[PDB]
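The primary structure of each chain is shown beneath.
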Amino acid sequence: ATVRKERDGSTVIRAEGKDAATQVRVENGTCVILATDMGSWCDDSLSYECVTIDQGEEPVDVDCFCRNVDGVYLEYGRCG
Amino acid sequence: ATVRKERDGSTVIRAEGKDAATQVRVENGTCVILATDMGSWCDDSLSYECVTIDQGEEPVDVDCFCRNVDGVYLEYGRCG
Amino acid sequence: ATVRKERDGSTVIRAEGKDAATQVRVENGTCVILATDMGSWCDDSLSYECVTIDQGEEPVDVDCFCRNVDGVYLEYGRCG
Amino acid sequence: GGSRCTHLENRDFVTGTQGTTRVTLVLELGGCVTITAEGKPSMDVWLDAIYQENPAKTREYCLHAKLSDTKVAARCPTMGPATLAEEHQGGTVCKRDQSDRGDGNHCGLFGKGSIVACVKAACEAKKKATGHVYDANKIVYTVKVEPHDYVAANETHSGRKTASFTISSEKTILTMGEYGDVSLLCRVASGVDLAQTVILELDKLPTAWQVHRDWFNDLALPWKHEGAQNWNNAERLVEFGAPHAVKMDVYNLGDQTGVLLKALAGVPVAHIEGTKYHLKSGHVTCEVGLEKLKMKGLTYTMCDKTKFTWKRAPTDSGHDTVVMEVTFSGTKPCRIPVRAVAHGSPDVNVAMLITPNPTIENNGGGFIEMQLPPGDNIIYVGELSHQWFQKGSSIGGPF
Amino acid sequence: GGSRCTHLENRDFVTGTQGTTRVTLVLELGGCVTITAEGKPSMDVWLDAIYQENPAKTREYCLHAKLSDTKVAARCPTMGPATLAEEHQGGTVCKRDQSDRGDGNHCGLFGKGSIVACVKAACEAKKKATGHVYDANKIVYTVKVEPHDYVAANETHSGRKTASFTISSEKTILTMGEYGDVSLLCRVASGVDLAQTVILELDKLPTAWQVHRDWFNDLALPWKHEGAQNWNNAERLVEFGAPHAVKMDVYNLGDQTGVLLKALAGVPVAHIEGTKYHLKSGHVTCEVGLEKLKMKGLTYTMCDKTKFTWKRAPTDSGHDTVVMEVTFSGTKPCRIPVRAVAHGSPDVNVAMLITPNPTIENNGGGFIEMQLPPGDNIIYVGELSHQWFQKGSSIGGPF
Amino acid sequence: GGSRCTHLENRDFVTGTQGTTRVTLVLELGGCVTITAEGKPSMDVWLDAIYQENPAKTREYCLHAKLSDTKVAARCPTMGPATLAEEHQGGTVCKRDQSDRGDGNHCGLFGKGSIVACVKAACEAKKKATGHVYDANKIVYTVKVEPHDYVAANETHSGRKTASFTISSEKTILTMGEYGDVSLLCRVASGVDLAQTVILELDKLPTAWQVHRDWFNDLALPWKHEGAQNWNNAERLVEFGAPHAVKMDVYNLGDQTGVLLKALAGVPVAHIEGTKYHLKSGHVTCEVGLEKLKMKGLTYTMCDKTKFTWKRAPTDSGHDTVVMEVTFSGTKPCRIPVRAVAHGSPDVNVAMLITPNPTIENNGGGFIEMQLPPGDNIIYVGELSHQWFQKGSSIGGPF
């Protein structure tokens, strides 16, 4: 997974099928990826928010969550 | 009104125009029918849920409610 | 701005571009107009509710609010 | 008796040096022409029928929807979205809305819950507005020729010869008895613009109409094709109610056959003889090739202009043409002097006759069919006149 | 002067044994032919006009929407759904959404409330893109015949005879003075495929165009029919705003007349003379039946191939045909040797002439109208040549 | 060898008093006629091809959608509505729903939040179902005339003359060597109702079909026009998933080329020779004008009814006509006695022959092409018979 600062204030994570059930370090915090419908990067790619959940808050109905880092998004190709 | 166990876990009540403002016994509990737009059984039939309301809870915006019995539905033909 | 009792129980205020950021007296209470997209009266006119907010309640996401007077609406032409 | 058959004129045929005779005939629907040769019996040539046997079904519209097996599914504001098996099924109308939920309908949190109502949408028996499209090349133009006696229903007419024509089929050779082998080359021409024509038929007073293509395709009713099980745009007759806690009622918009019949008032009625879809307008222009014979031609003189009276005043035929019948008191037979002028210019002829040779015959005659431009016009049959107002071109009533 | 009238050739007519003469004429729009008999004065026969008087209105599109009486209704998250009388009314655009509600807009519980905004959608005055469909059988083909002098506007030409024809009307008899009674059988043929033709007209620089059926029916604009009060698909020009507590604004997408005119650039302009919807392309092939006269036929010799020059270089006519004018320096009168070859094969003639007999006459002549296949072609007028690129078939610009 | 060329009959031509000969010919596609004059060599006249060079692109349908750059935006229940830049952009599919929000997705208040998902909808490479519409007046009818020897591919046939015709172009003059200047007036007629015809072509086993207008326009697939960047009704191949807290997945409905091919089974295959869109059905009726020559006419005798056998049993041609081949054991040459009767009435001829003069020639002959009414019919070739069931008119399979 690659961590980058986009044209907007948002921090974008470009992940693949190998990055499923793994943790990536974003700035001063940590981001967890749990997306199962992942694959190799291509044109057919889905992009959404990785919710910045507070201290000890358990994630509800989400496959991407982050701690100590705000304004963070995840993108992945579905060609696998 | 006829009480029957469907292909699903749900208990289905097939009622007619005569069953309006009447009470039917379903398993270990009781079900109350208040539907005014009822009639004789045919192809044109409406099917919905009969909400299992708790001890002493008054029904709000519903024409079919049940006590002590869970997973219960009502069906009626509109050919009258 | 003109205050009038319509065919319904509602009290209708017909305002123009000059009535922007002004206060109009409706019955036993007062009505405040904050609409910026106003103009001269014509066929192309927008009509909506002027929320009757309680004692000391601050207005949230609204351009027309009233005190001590219930059932009050605002209409204005957009030909300016 | 009473025969409309018009005798062949000298101008219509030419006799060659090698003995070949080319007779040119203009045969409208019902119109008859008598062709005679020196020593040979008189033969009546006429265009019997213009039709297409069972044309293709284009679109079938539903006038009264048959709603069945209505199911409503609902969930609490914190719970997931309400789902039904009918949502991903064919021939079903589904609506998704938000319902007010609380303790009165057994939900832990007060707010808005997911609700979905689905109904199996189909069509009620004998309530379909089926459309039919004509294939220009498939329309049969039956040309019949018999000698100029009455024979029974089961028995056949002695000397009768049948020759059918289309746009593709044009040349046939007939063994016309005494006349020998005759080459018939009939050029087919429709009286209806088939491209902008649809036959709107209801399930079995008129039950079939000749409607315009543009009017038919823009009908605000659920439609499908011949063979399809499900109905497209079925929501046109389905109206959903207000969303209650766990209930959402479905309303039928009712029968639309009465709404259709009101818009179909004045629309030309379609003529269906079992499976034959007839066209009451059109003609066939033939070129008969004859050999080893001398043709007998009878040229007509003009009828007396002052001796004309209306048998049947000019009226609409029912297929965008004007029909009229005249009575002649003078000497018979003769050629009818018929013309027409648009109100303003009395020197320019605006008459476009469907009848190629209007004639007052010894027995019958006097029928005149013609096309006129829209507006106030004056039809002249010699000295005899009549004012006619032709209505402007229209596709049909509003729906 | 300057007359384009082409003298009748010997090949075009046949004199029978019984004295009947069958003269075959090919009359294009504007094209004239001179028919002469021994002892009788010369007569000019020509196709004057191809038109349809006020054809049927198919679809009328709205270019600029007239929005009026906008009403917004809203209710608290616990209260019932917001309703408006305009929701179940015709000619109205309604949108249902969820608005954020709380104590700031006076609601007991914090959440999402029901909101609905309705606007009366109509069309602004003089902002309609009306469509017209031709009825193939209703198109008039005016054929005029006069002697080969100038007469005033109010006064009529002495010897002038008018004969109108359609697909249905084909045979008429004219009393052509010195020639007596002549049988005119004119076969009607359109130069435009009327089936795939719609006349797009704007409310009164070009304001009328000859557009394709498929291009017209797929216009992303609100439409209705002649007689209907309300507009179908009115949401195409209506854009709803974000839902606030009790307010939901409606935006007009603006005028689309400018967007339409840009897509209509290069599209063939429609010709409307008051109520007459003219077709500038087409012809009429007639078969004149004459009696008791000897026809005077003048057969043409071929023009000198080396003595040709361009008066007007080959250009687009404005109705999918190629027009050209030639100047001849040799001996007059003669028949123009005109052909064309597609770049690659110089032995196969690809020219499809609209002009039946291109001739250099004593007075005028030299106008050549023809159809060419798409791609690079070389037009030959004897030795004289010119390269022409015919554009491929198109329905119109993108919208 | 093997030539189908039919010798000219005496009935087909007339010799005038002034020396003009009017020869009437019926030329179907592939059909040849031999015209001979006294002292002049025999000439074979035939209709070579009926086609339109690259017709206009009407509608192009997407069979497999190319989804890209999917973006999902979501906000808390108290916060404003979720917005995306793609919502107000072309070639994008967007869906608005309500998602369950709380502390697990970091939102202060428990309820329903605004969510929107957008995807850039386009078409996958080589996955388009392009449609083509014929322009009736643009269809070329190539008529070729050569003397009755074999020449190489690059070299041209000595005496061969090419003359192309349309609805607009009808008259041309050919310098037919020994015959001199001959006036060819060919009346064009299509064997396919072009108005209700669309050429469905797939990107390069059949890849092109002749489909009905009504079947094509009602295809439930995303469509656009030649030049447009974006796709209309792109939601037909886009299926949105259930709305989760901040995620909403987009599903592609897959390829529809297999679904299309199943519905296209039995549909008449379109014939495209590079850019030439050929029509395998149709004819041309010509009127040749000859001067200063005596025409040699050979009238046919009827073939022996008892001496007929089937070479190829009656079968479907592939363009709504019936084709058959017969073997004759008697004396050659003669005219084939061919007729047909519908099961019930054995006295009325229902055969509508495409072949104007079916003949058993010295070399070849015996090919019969005809139109028959729907239902059980019996075809008669003298004494020889065969039962044929003509299928009813259809627009195509269900989709």
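Residues numbered from 1 in each chain as written, not as in the entry; some residues may be left out. Chains lettered and ligands numbered in written order. Heavy atoms only, no water.

In the annotation of the PDB entry, chain D is listed under the name Envelope protein E and assigned to Tick-borne encephalitis virus. The record deposited in the PDB is entitled "Structure of the post-fusion complex between precursor membrane ectodomain (prM) and envelope ectodomain protein (E) from tick-borne encephalitis virus".

Taking the PDB entry as the reference, chain A is identified by name as Genome polyprotein belonging to Tick-borne encephalitis virus.

Along the backbone of chain D there are 2 helices and 32 strands. Its C-alpha atoms give chain D a radius of gyration of 31 Å, more than 25% over the compact-globule value 21 Å for 399 residues. Projected onto the principal axes, the alpha-carbon positions of chain D cover approximately 105 × 50 × 40 Å. Across the 399 residues that make up chain D, the buried fraction comes to 57%. Seen as two clouds, the 42 positive and the 44 negative side-chain charges of chain D have centres 2 Å apart. (Helix = DSSP H or I, 4+ residues; strand = E, 2+ residues; numbered from the N terminus. Rg over C-alpha atoms; globule rule 2.2 N^0.38 Å. Buried < 20%, exposed > 50% of the residue type's maximum accessible area, 1.4 Å probe, protein only. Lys, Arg positive; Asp, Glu negative; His and termini not counted. Charge placed at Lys NZ, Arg CZ, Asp CG, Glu CD.)

On to the overall build of chain A, then. Regarding its fold elements, chain A presents 0 helices and 8 strands. Along chain A, helices (α) and strands (β) appear in the sequence β-β-β-β-β-β-β-β when read from the amino end. By the compact-globule yardstick of 12 Å for 80 residues, chain A fits well, its C-alpha radius of gyration being 12 Å. Referenced to the eigenvectors of the C-alpha coordinate spread, the extents of chain A come out at roughly 35 × 30 × 20 Å. Sequence separation of at least 24 residues holds for 52% of the intrachain contacts in chain A that already meet a minimum separation of 6. Accessible area for chain A stands at about 4500 Å²; split by element, carbon and sulfur atoms hold 42% of it. Charge separation in chain A, taken as the distance between the mean sites of 8 positive and 16 negative side-chain charges, equals 8 Å. (Contact = heavy atoms within 4.5 Å. Areas by Shrake-Rupley, 256 points an atom, 1.4 Å probe, with all protein chains shown as cover.)

Scanning the model with the defined rule gives 27 disulfides over all chains in all. Here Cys50(A) connects covalently by a disulfide to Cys64(A), the sulfurs 2.0 Å from one another. Linking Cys50(A) and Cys64(A), the disulfide has an S-S dihedral of approximately 90° and is accordingly described as right-handed. Of this pair, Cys50(A) sits in the loop between strand 5 (45-49) and strand 6 (51-52) while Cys64(A) sits in strand 7 (residues 64-67); the two residues are 14 residues apart in sequence, bridging distant segments of the chain. According to the relative accessible area criterion, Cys64(A) is buried, its value standing at 0%. Between the sulfur atoms of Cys76(D) and its disulfide mate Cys107(D) the distance is 2.0 Å. Linking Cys76(D) and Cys107(D), the disulfide has an S-S dihedral of approximately -85° and is accordingly described as left-handed. One end of the pair, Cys76(D), is in the loop between strand 7 (65-74) and strand 8 (92-101); the other, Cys107(D), is in the loop between strand 8 and strand 9 (111-123), and 31 residues separate them in sequence. We classify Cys76(D) as buried; its relative accessible area is 17%. Owing to a relative accessible area of 3%, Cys107(D) belongs among the buried residues under this scheme. Sequence-ordered numbering of the bonded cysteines in chain D gives a disulfide pattern of 1-2, 3-8, 4-6, 5-7, 9-10, 11-12. (Disulfide = S-S within 2.5 Å.)

The subject of this paragraph is the pairing of strand 13 (residues 171-175) of chain F. Consecutive side chains of a regular strand alternate in pointing toward one face of the sheet and then the other. Residues and elements named next belong to chain F. Pairing analysis gives 5 bridges linking strand 13 to strand 14 (residues 181-190), with the strands arranged antiparallel. Bridge pairing in strand 14 links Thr172 to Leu184. The antiparallel pairing of strand 13 with strand 14 creates a hairpin that spans 5 residues between the two strands, and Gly177 there sits at a positive phi of about 45°. (Pairing = 2+ DSSP bridges.)

Turning next to unusual backbone geometry. The omega angle of the peptide bond from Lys332(D) to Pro333(D) is 0°, so this bond is cis rather than trans. With a phi angle near 60°, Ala21(A) is a residue other than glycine that sits in the positive phi range. As for its placement among the helices and strands, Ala21(A) is situated in the loop between strand 2 (11-14) and strand 3 (22-26). When its relative accessible area of 67% is taken as the criterion, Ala21(A) is described as exposed. One non-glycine residue, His106(F), lies in the positive phi region at around 55°.

The interface is formed by 55 residues belonging to chain E together with 50 residues belonging to chain D. The largest per-residue losses of area from chain E upon contact with chain D belong to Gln18(E), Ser168(E) and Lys171(E), which jointly make up 14% of the total buried on that side. At the boundary of chain E with chain D, the tally comes to 6 salt bridges. For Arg335(D), the salt bridge identified is with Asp181(E), shortest N-O distance 3.1 Å. On inspection of chain E and its partner chain D, the count reaches 21 residue pairs in polar contact. When residues of the side of chain E that touches chain D are traced back to their parent elements, those giving at least two are strand 5 (43-53), strand 6 (56-62), strand 11 (140-147), strand 12 (161-165), strand 13 (171-175), strand 14 (181-190) and strand 22 (282-290) of chain E. Ranked by residue count, the leading element in the side of chain E that touches chain D is strand 14 of chain E, at 5 residues. The class makeup of the residues in the side of chain E that touches chain D is 20 nonpolar, 20 polar and 15 charged. (Buried area = accessible area lost by both parts, 1.4 Å probe. Salt bridge = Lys/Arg side-chain N within 4 Å of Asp/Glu carboxyl O. Polar contact = N/O pair within 3.5 Å; in protein donor to acceptor, adjacent residues only side chain to side chain. Nonpolar A, V, L, I, M, F, W, Y, C, P; charged D, E, K, R; others polar.)

Let us look at the sheet that holds strand 4 (residues 29-33) of chain B. Ordered by their spatial adjacency, 4 strands build an open sheet running 3-4-7-6 (chain B), and the pairing between neighbours is mixed. A strand with exactly one partner marks an edge of an open sheet, and here the two such strands are strand 3 (22-26) and strand 6 (51-52) of chain B.

Attention now moves to the packing of aromatic side chains. All names here are of chain B. Inspection of the entire model under this criterion finds 9 aromatic pairs over all chains. Taken together, a centroid distance of 6.0 Å and an interplanar angle of 90° make the contact between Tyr48 and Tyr76 edge-to-face. One end of the pair, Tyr48, is in strand 5 (residues 45-49); the other, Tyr76, is in strand 8 (residues 72-77), with 28 residues separating them in the sequence. For the pair shown, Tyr48 and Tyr76 are each scored as buried. (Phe/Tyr/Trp six-rings, centres within 6.5 Å; stacked < 30°, edge-to-face > 60°.)

On to the interface of chain F and chain A. At the interface, 19 residues of chain F touch 21 residues of chain A. Taking both sides of the interface into account, the surface hidden between chain F and chain A amounts to around 1600 Å²; carbon and sulfur atoms contribute 46%. Viewed at the interface, chain A and chain F are joined by 3 salt bridges. Of the charged contacts, one joins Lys247(F) and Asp37(A) as a salt bridge, the two residues approaching to 3.9 Å between their closest N and O atoms. The interface formed by chain F and chain A holds 11 residue pairs in polar contact in total.

Before going further, it helps to spend a moment on the environment of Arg4(B). All names here are of chain B. By the secondary structure assignment, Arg4 is in strand 1 (residues 2-5). For the pair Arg4 and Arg14, spaced 10 residues apart in sequence, the C-alpha separation works out to 8.3 Å. When sequence neighbours within four positions are dropped, the list of residues in contact with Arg4 reads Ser10, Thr11, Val12, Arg14 and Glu75. Of note is the side chain of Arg4, whose polar atom sits 2.8 Å from the side chain of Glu6.

To continue, consider the environment of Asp193(F). Looking at the element boundaries, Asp193(F) is found in the loop between strand 14 and strand 15 (197-202). Aside from chain neighbours lying at most four places away, what touches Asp193(F) is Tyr134(D), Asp135(D), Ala136(D) and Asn137(D).

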